[PDB]
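Quick notes on the structure that follows.
There are 2 protein chains.
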Amino acid sequence: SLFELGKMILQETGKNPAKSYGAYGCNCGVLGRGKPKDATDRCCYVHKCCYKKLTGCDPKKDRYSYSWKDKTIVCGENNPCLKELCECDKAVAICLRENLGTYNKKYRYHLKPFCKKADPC
Amino acid sequence: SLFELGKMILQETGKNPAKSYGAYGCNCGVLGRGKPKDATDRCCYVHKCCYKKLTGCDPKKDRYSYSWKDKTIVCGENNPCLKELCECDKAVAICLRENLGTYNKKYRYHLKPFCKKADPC
C-alpha cells in the first residue's frame, strides 16, 4: 500500500515521501501518467506502468510485508501480485534515490493540465 | 475523478490542491480516515464518508461533467452515482474554502500515528 510505498521512499531517499514525491512532475502522485519532466518523474512513470501489470491486489490500500536487510528492501511475499507490487514500489524508491541529484523542487505540486499526455506503457 | 476534484478545490480555494490538501491532517490526501485535526481536516473526513456512500461508480477514476456558473460549481449529471460523486467533490471543495480561516500549515504532512481512530461514517 501507500504506507509501504512511502516507507520505502523514505528509506531509500531519506526524504519525506509525501512532501517530495506525493505531488512531483507529471507522474509522481495522484492521477495517471504524463510525459515526464525529469529523471525523478520518470521513476514514477515506470512505477505506474508497473502497477498496471498487477492483477489480484490493490496497490494503494493492500498492505504487504518486506524487510530492511543489509540496508536493502527485501520483499517478503509469496502471493504473486503483492510480491510484484512490492517490487514495483522497491524499484521506484531505488530509482528516486538514484536520481535525487537532479531532484527539482520547482516540479513539486506541478499541475496536471500542464502535463502532456503519456505514451502507453 | 480526482482531476475534477482537484479542479474544484482550486476553483473554490484558489489554492494548488496538492500543496494545501495533498497531505493535511488525518483525512486530506492521505490513505484512510482519522479523527479530524481541525475543520479543514473534517471537510476531507466528510468527503471520504461521502465517497463511501456511493454505489455504482468509482470516485477516483470515473470522470463527470460539471460547470462554473456564476462562480458556482454546478454539477451536470443525471446518473445518481456521478451526480452524488460530483456533489461529494463539490461539497469538500466548498468546505475547504470555508475553513481556510483556520487552515494551519502544521497539519501538512501530518504524521499518521498522531491520528486517533475516526468515528464511523
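Residue numbers (the entry's author numbering), protein chains in the order written: chain A, 1 to 13, 16 to 53, 57 to 61, 67 to 88, 90 to 123, 125 to 127, 129 to 134; chain B, 1 to 13, 15 to 53, 57 to 61, 67 to 88, 90 to 123, 125 to 127, 129 to 133.
Even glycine gets a Cβ: it sits at the ideal position worked out from N, Cα and C.
Does DSSP classify residue i as helix, strand or coil?
| i | result |
| --- | --- |
| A19/B | helix |
| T60/A | coil |
| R118/B | strand |
| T81/B | coil |
| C45/B | helix |
| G6/A | helix |
| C30/A | strand |
| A131/A | coil |
| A25/A | strand |
Taking residue i as the query, report the chain B residues whose CB atoms sit under 7 Å from its CB, ordered along the chain.
| i | result |
| --- | --- |
| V32/A | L2 |
| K79/A | Result: empty, since nearest Cβ-Cβ is about 24 Å, beyond 7 Å. |
Identify the contact partners of residue i in chain A, using a Cβ-Cβ distance below 8 Å as the criterion.
| i | result |
| --- | --- |
| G23/B | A20, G24, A25, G31, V32 and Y120 |
Kindly list, in the order they appear in chain B, the residues whose Cβ is closer than 9 Å to that of residue i.
| i | result |
| --- | --- |
| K117/A | Result: empty, since nearest Cβ-Cβ is about 13 Å, beyond 9 Å. |
| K71/A | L32 and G33 |
State yes or no: is the C-beta of residue i within less than 8 Å of the C-beta of residue j?
| i | j | result |
| --- | --- | --- |
| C50/B | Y73/B | no |
| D100/A | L5/A | yes |
| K69/B | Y120/A | no |
| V84/A | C46/A | no |
| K57/A | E95/A | no |
Going by C-alpha to C-alpha distance, which of the options sits closest to residue i?
| i | options | result |
| --- | --- | --- |
| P132/B | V47/B, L58/B and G111/B | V47/B |
| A131/A | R44/A, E95/A and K37/A | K37/A |
| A41/A | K21/A, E12/A and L111/A | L111/A |
| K122/B | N17/B, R34/B, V83/B and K100/B | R34/B |
| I104/B | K80/B, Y117/B, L2/B and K116/B | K80/B |
| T60/A | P91/A, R119/A and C45/A | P91/A |
| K7/B | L33/A, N18/A, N29/A and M8/A | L33/A |
| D72/A | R108/A, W78/A and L93/A | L93/A |
| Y117/B | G85/B, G15/B, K38/B and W77/B | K38/B |
| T113/A | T13/A, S1/A, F3/A and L2/A | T13/A |
| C61/B | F125/B, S1/B, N17/B and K127/B | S1/B |
| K129/A | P19/A, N29/A and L107/A | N29/A |
Applying a beta-carbon distance threshold of less than 8 Å, which residues of chain B neighbour residue i?
| i | result |
| --- | --- |
| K123/A | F3 and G6 |
Return the Cβ separation of residue i and residue j in integer angstroms, given the expectation that the two are a contact with Cβ distance under 8 Å.
| i | j | result |
| --- | --- | --- |
| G26/B | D42/B | 3 Å |
| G24/A | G23/B | 5 Å |
What do you reckon, is the C-beta of residue i under 7 Å from a heavy atom of the ligand NAP?
| i | result |
| --- | --- |
| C134/A | Questions concerning the ligand NAP fall outside what the structure shown contains, since it holds no ligand whatsoever. |
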